[PDB]
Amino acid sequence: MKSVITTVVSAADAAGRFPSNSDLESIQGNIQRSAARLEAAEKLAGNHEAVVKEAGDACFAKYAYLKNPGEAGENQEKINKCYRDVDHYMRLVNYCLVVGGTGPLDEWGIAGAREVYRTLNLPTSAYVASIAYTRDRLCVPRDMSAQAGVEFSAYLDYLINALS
């Protein structure tokens, strides 16, 4: 799982090294930045149901052609899986904010996603609409502090860039 700690430990292990000063100094970075990302995680944890509804709503508002025959939101069951997926991604963003790294998105949401969405004919622009709507919906400091919003926004952009 990519994090501050796993990066420096994996680098030490590649070189057969004990932890040294630059490794401790990196982890001091955790202590400093953690307050901001944990605030983002807690806010997301407490309000994900409402965030996810707005996100899925924006997707189907932008791309009404999804609800047509043979398309990806053609029945209520397929629409429900669309909201579930947006929830899945917001739960991985929550995890990224707790770990302090992209590892949860990387391993559990992005790896294989191009192959899956291509094979199941799920348009990536639909996912990007949901994620970008959430990114742009963010209101600071109404919804969280400035630097919690910087952390949250950074993972949302990371996911958009990974789908593009």
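Quick note: we count residues from 1 along the sequence shown, nothing fancier.
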Open item on the list: Quick check on the record: does 105 to 113 or 47 to 55 carry the larger mean Cα temperature factor?
Closed with: 47 to 55
Open item on the list: Quick check: 72 to 80 versus 87 to 95, which has the larger average CA B-factor in the record?
Closed with: 72 to 80
Open item on the list: When the deposited Cα B-factors of this chain's modelled residues are ordered and cut into thirds, is residue 21 in the lowest, the middle or the highest one?
Closed with: middle
TODO: Taking the chain's C-alpha temperature factors as the reference, tell me which third residue 5 falls into: lowest, middle or highest.
DONE: middle
TODO: Select lowest, middle or highest to describe the third in which the CA B-factor of residue 154 falls within its chain in this entry.
DONE: middle
Task: Where the record places residue 12 (Cα B-factor, split into thirds across the chain) - done: lowest
- [ ] Tell me, lowest, middle or highest third: where does the Cα B factor of residue 127 rank within its chain?
- [x] lowest
